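Numbering (PDB author numbering), first residue to last: 1 to 73.
Beta carbons are placed, not taken as given, at the ideal position from N, Cα and C, and that holds for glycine.
Quick notes on the structure that follows.
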Ligand SMILES: [Cu+]
């Protein structure tokens, strides 16, 4: 798996993001999800070989709000 992070957009409501975090946890690919928008950003160990950040990224956009952009690599 990869180790990208969706750097924080503007929100600081952990309750929003986690609502989607739980759903994203369904994607087998996702190795780990460390939502820390307040502390820095959401650091996520997406499986680029199974599912792309695009998925999760869009997902947290929907009802999470935090996804400025992916960094990592
Ligand atoms: Cu919220």
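Element boundaries [alpha helix (DSSP H), containing residue i]
i, result
"residue 55", "53-63"
"residue 68", "Residue 68 -> not in any alpha helix (DSSP H); beta strand (DSSP E) instead, spanning 67-70."
Unbroken beta strand (DSSP E) run spanning residue i, endpoints
i, result
"residue 7", "4-8"
Three-state secondary structure assigned by DSSP to residue i
i, result
"residue 50", "coil"
"residue 42", "strand"
Beta carbon of residue i nearer than 8 Å to that of residue j
i, j, result
"residue 1", "residue 47", "yes"
"residue 62", "residue 20", "yes"
"residue 37", "residue 58", "no"
"residue 14", "residue 69", "no"
"residue 5", "residue 44", "yes"
Identity of the residue in the options nearest residue i by Cα
i, options, result
"residue 18", "71, 68 and 64", "64"
beta-carbon residue i near ligand 1 non-hydrogen atom, thresh 7 Å
i, result
"residue 15", "yes"
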